[PDB]
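My structure is below; once you've seen it, I'll send some questions.
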Amino acid sequence: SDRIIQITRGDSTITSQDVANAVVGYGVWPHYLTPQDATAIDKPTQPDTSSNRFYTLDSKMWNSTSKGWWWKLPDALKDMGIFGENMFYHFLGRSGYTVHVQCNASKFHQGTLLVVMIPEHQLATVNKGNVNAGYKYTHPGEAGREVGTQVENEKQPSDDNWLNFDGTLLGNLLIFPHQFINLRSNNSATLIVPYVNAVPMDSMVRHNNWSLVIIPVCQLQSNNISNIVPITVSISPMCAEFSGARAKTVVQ
Amino acid sequence: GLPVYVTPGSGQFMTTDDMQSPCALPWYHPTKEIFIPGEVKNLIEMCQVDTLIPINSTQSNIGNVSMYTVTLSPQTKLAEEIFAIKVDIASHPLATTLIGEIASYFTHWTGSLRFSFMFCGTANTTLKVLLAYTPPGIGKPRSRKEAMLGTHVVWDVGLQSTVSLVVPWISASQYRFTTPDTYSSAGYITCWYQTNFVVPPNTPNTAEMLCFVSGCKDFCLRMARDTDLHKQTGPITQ
Amino acid sequence: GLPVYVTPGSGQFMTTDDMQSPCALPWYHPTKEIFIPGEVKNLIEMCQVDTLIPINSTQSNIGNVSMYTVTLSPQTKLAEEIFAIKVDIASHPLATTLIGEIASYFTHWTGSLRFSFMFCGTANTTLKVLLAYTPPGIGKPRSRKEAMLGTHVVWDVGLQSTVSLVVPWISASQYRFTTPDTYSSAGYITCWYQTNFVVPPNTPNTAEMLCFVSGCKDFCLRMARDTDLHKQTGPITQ
Amino acid sequence: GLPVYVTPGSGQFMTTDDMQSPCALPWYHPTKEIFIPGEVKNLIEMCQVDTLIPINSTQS
Amino acid sequence: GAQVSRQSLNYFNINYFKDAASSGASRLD
Amino acid sequence: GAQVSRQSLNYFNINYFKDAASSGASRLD
Amino acid sequence: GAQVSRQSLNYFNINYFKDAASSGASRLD
Amino acid sequence: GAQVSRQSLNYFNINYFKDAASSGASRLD
Amino acid sequence: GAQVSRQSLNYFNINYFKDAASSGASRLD
Amino acid sequence: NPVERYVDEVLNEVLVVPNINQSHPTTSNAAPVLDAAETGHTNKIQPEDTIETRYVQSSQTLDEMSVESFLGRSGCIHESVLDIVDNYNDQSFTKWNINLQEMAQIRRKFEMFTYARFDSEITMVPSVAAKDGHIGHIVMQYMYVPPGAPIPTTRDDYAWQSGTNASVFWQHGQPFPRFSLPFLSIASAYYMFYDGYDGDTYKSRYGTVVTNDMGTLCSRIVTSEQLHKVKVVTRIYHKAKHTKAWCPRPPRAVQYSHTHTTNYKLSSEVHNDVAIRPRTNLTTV
Amino acid sequence: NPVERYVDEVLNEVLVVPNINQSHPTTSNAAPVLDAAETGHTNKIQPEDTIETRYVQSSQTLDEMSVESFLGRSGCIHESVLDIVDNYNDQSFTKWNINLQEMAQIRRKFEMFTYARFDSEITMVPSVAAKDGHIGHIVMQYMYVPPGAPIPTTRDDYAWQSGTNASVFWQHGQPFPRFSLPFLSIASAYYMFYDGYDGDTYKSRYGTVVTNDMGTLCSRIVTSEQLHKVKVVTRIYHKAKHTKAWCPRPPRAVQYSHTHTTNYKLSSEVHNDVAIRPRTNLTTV
Amino acid sequence: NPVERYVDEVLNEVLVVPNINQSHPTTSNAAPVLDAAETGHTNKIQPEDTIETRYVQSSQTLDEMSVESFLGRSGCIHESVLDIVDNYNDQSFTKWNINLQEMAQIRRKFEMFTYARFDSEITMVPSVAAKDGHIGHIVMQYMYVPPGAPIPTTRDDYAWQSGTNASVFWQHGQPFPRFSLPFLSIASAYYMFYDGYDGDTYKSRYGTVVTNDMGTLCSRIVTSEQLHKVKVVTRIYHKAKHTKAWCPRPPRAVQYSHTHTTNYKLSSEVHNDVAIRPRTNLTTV
């Protein structure tokens, strides 16, 4: 059936009996760095199955008033097993991902989530002059950010979901790899994205390559509101490879 | 020396000229090019991708995601109107969509437009809607019967959530101005209830609908110009 | 005459242009070229030759040959730090070495660096030292254990006086700025006692060490610029 | 560079000259030409058609 | 942009710019 | 720097300076 | 407008404009 | 002063003046 | 006025005007 | 054939749009108009699929919509002012930290892409305002000081010698100066956006300021002090040549406030901050 | 042979007129001189048919009478004035709604046809009048603002950045600016006349104003305010290249009164409004 | 193939750097890292010898690091001043004893070699300062007076006739003068350093002054006295072409004090005289 999917990565297998196909960001499947594009000269370490597996983040609750959520990669996985260890023990890292967003309800529920993967999502601050988003705020880890909850601080990023948190209109987010989780149609979204950057490898501690943004564009509604409808995200690195080994970087 | 005749135009600087000039950094070797996914070679590539229309952009909705949805519900009167907009690519509310934004960087446009609609009601909510395109030379239709006489699609909501209506290029001239011009206004798109929004008991009595737009294989823009959809009223500082 | 169109740029003088010009001395015949040993054709030839690092350039040592030596001696605590410097080619104390001076005439650099060390103790003095390179994204190591986790060489002093540590090109970008730039800082080099400085009785209890630097086969500089390591604060007269 | 000799006439603008000049709208593609009846290629075509002489053009 | 004819009387119909609008007066008929 | 084509309609794609950056607008596709 | 002769001593009698009046002094006899 | 190469990609290394000092930057190696 | 030699190293000894007095310095011997 | 290709260049017919083919009435259980936007794909339905079309030969071309064309137009990126008021030595020279973020028009176009690689063509338009009457003989010097090179601190600083840096001298009356610059980045492409920092602390910088340092443009009136004061304004125009772009993104919807940052300001009435014009209601066209 | 054709170009002998042939006395029941103008056709009788002609070799050519030649002459179409009187900021820039209807000489020639298709060559002739004595350094900017693009409202408006619009900068002392423009219409030919409206109501517009919108030409003195005031008058000259014309019509007989309309005014003595000179009577030559 | 070579020139890929090859773990009694600097040779160890490298294709080129490139940039070598104060006849001409030692920037670069052979390109940038208001018609004469030729002692000296010497006349408003000069030495290469004297006595001269006499550059304002006084400053720029260099040496570490000599001055705090920045201690990075 075209409604079913099974994704196996390492020791993890994920299923969904109601999918809306899958999207491969920019039509390029993730792959290891080739010698023509490489620059760092040491031999890369490729953890393979111990890092290229599904990691499930903290679930979130979707309710009639939710404004959205966002996570940044590789930040969201910094504390996830072997993948996490490798990004702190090495200066350089490189990786692609399989993002599987999960959200089931019922045939009597309605709502629509816009799931987007944005490359270089450079967040903006509102009405704060040239003060930019602080490191701490753009590195929430697996918890991600719940739009419209954080008590504003100077270095706090924009929480304007309609302006993509960066000064552009929400309706045009569709130009980026995306999918919709329309409760009447599917209960999951799957996006496979390749490594995208202006350099072959980069610091995973100071540069977030992709941003996962989930905005409910159609309010969650049903006649059984007491039943909690969560949103769970499982992300699997792909072709992860690291270089420049040393002691473990400790942030903060 | 070789006798030459300096022609008018010499020494002028035209921002759109195409000449050669000496390189300030001789011998410099540019950084090796690496493969980066997502290369774009022509803006048409961006015009063929669906983006949401802020169709419900009433003053109270602007600044809210709700400006992107149209609400449907059980009607008590038959054939009621749902929405109506101009087909003109750079008119409002089409202007800020990706295709509208790009069209605003050009003076002429041509081609067919693709409007898609996705229903967001429950899996148990049914509905049949009539989407119509009214070619110019007449006012927007005042009733479903009037609209139905033009180009139209009857959309039946079911397993497949989305439907597409194509607004054919029907014009006297090969191109139209992107800016609002009486002579080149392209017509209207109206939506009407074909039957009615029906739901079983214990099911939300309203549902949303999302609207998309992109260009067909024949879409084309011409004569580059600066956009009027963005301005600079002061210096941009550090 | 042939109709011509004078293009922008005409009549300007760009210090890096490459044009031809009439010779002021027509018919003049230059002096015959004779063979002279030592022709240099590319600056890379000079970057591949070891020169001493003024590593011990504390204010009190500057102006003394001692600014070029590091003193070693029997330790009472194990794994003590000997020295630490930045790997950045144009940072201090690397700046005034021949490779640092040449790198300062360029804006970008890339490639691996070769650091050599020559022990000056007596033939009867033994020692094992750990030389380590710490890639960026972390502070300089605070202990031998911390440094040892990065790239390193354990140097055993014996008949052959000199050892070489290669700092591999480990960077995100293909090039780095020669000038101190946070984004492109290359890391650190630290030296620690692996074992200890040991001598027989009646032998000096301290010894010196010399430090050299040169570029590997992949070293390369780009985008010529004027150096900031030399200035002119007044006229140079006769 | 190639030695040149600027000749008299240079830089002048003669309304009947026939030179080339850069196009202000690069890459622009003109609208397709369609067939239209009545093309005229030379004014002689108009001189060969009879027209009335206002021969009795007295002031009244 | 050079239309080189030969007869020797060689013709050089050069087009200096890359847009058709840039060329001079048209030939006749 | 001359790319001489022939068809006669001869093309002369001359590159007057020795650095690639110096040339004009790129061809398409 | 180029009258290319060859003898090598090649002659290039170029006519830069399209009207005969535009050319220089006439040849003799 | 013209060094005409062919490959068609024809090279025209012209030397406009008669003294070697007049030419531009030298080639490398 | 063009003395085209070939060796390829092609020489173009052009005489731009029609009077011998107009040419540059003479060759030697 | 390079000659055929050449003709296409001259006529601007390199990229032609497809024709519309004649279609007919249909009665099928294959419904192209129905699809699922959830997939993240655009339904590729064409006019022939929803109405009965006639055959039409297309003559439109997409050449002008190419990235080369879109970004290949020279626009102003900086206005340098040298206003001689009361101190010639101090007011006859200045410097600018180079960037393509100070002018909205070209900035917005480049920012419709995430990464871009291109060569640059710079054209300068100097205009000398005779504040006191005469302008004398104005000669300008524009020196490019790459990051690291000594920045002149006086109008006669030794750095002006330009022993290695590229300088362009312009003499009033001569045509506008112009030169080209190869792709300058240390990376493979320029970052239009950069979700990263130059460190991992609360005080680390965020954004393209970390990656896009192009150095400094130092200008000075070469001419020594003159009786009559002048105001020289040099407008720098920039055009991209031999361009490549990756990962398109939404166009800037609100005004720019600063360089190297996506920051913006919103008023109490946000509809005034965006180009969206409020609709009376859903059915008012 | 392109070379033979080339010679014809140089000599202007592309279109030769036919010879006159020798004719003789005739006595026939075929009368070429008799015909019927009712048919709407011109009797094609030639001199050989009505008199005894001699043989004569024609050497006249019709090249100069070609449409290309007729319309291929540069004529003035606009005189732009920038007169600095008392407010530099307001008086140093202006705009014009482009059209070829403001100058009678070229207008009348184009209007001898119903439709015309051509490329344009624009040449500008700026003249700076030194009202107070000196002119300083005058640099001009002519920006073409296609319909829809933002029109600058101040001399420092951001629109002047010309990030996409085509601008031409001229420096006083340099040769006259000149550039070409491809056929700009959205239709296949320009309408010289248009018997139509932009709607079907009593207030709909009539005529070419509906179809011939070319946008706006915005000009400004780039140079900042100077001590001495100047008056810059820029005359725009237009020439048609690669021309085609359809359906010839009668030449304008009375003066023009407005642009985009055939409207005219008549005095009480109409013979003064037309070029016809009153005859004394039928037999007074 | 000269065409392939040509492409390399255009792309600046004449001198490519070698690739890094993949290496593996080793356990051997051959220790490349160990050597003996006493030999005076640099250990040629490469990265593959000390760590496990991956294969990487190099795309860097050394073209820009060539001696031709290093010294092939035009830099200022002299600033000639003609300041008309109170005596035109005396102040309208001057002379300079030619040398490349007066400006630190280019001097330091040439002095990184012991001997150098090259042709010269000279470009002059004259700027006329209107001290009293107008500049009139300024025409300059730059005459090269080889050692031995008569040096003019007045502005109308017969030597200005330039019957044999090379003179360059510049007219204000015309582009910057420029000419080339063949290798001028009487030897096979220019001496950048010379450990010798012009004799063997206590008063013999030492250094390059003995070997590097290039003669005199004599300048004069050709124009006769004008009402308004002017200050003409001519900046001479020099570039080496077709260069060859021998025996590289250490770069100048302290400021230059005089021409033709390596002499220097030291303060009481020598760390201020060199570019070395004092370190806090051996372990403070």
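When the chains are written out, they are named A, B, C, D, E, F, G, H, I, J, K and L in that same order, and each has its own residue count from 1.
Basically, a residue touches a chain if its C-beta (ideal position, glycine included) is under 8 Å from a C-beta of that chain, and two chains touch if they have at least 3 such contacts.
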item: Selected interface, B-J versus B-L, where C-beta contact pairs are more numerous; value: B-J
item: Cα superposition angle of chain E on its copy chain H, in degrees to the nearest 5; value: 145
item: Centroid-based (C-alpha) most distant chain relative to chain I; value: A
item: Chain whose averaged C-alpha position falls nearest the assembly-wide average; value: J
item: Chain D and chain F: spacing of chain centres that average the CA atoms, whole Å; value: 32
item: Distance between chain centroids, defined by C-alpha means - chain A, chain I (Å); value: 73
item: Approximate Å spacing (C-alpha centroids) for the pair chain H, chain L; value: 26
item: Between chain G and chain K, centroid-to-centroid distance (C-alpha), Å; value: 36
item: Residues of chain H engaged with two or more neighbouring chains; value: 3, 5, 9, 11, 16-17, 19, 21-25, 29
item: Interface hub residues of chain C, defined as touching at least two other chains; value: 1-11, 13-23, 25-26, 28, 41, 105, 110, 112, 137, 151, 168-169, 172-175, 218, 222-224, 226-227, 231-233
item: Per-residue multi-chain contacts in chain J, two or more chains; value: 6, 9, 11-12, 15, 36-38, 59-61, 63-64, 66, 69, 72-75, 103-105, 108-109, 114-115, 123, 125, 133-134, 138, 158-159, 161-164, 166, 168-169, 171, 173-176, 178-189, 198-200, 205, 246-248, 250-253, 257-258, 274
item: Residues of chain G defined as touching chain I within the complex; value: 8-12
item: Chain I-touching residues of chain B, taken from the complex the two chains share; value: 1-3
item: Residue ranges of chain C touching chain A (in the complex, touch as defined); value: 110, 112, 134-138, 141, 146-147, 149-151, 168-174, 187, 218
item: Parts of chain J lying in touch with chain L, wherever the complex brings them together; value: 133-134, 136-139, 158-164, 166, 169, 171, 173-174, 222-228
item: Chain H - residues contacting chain L, complex; value: 3, 5-7, 9, 11, 17, 19-29
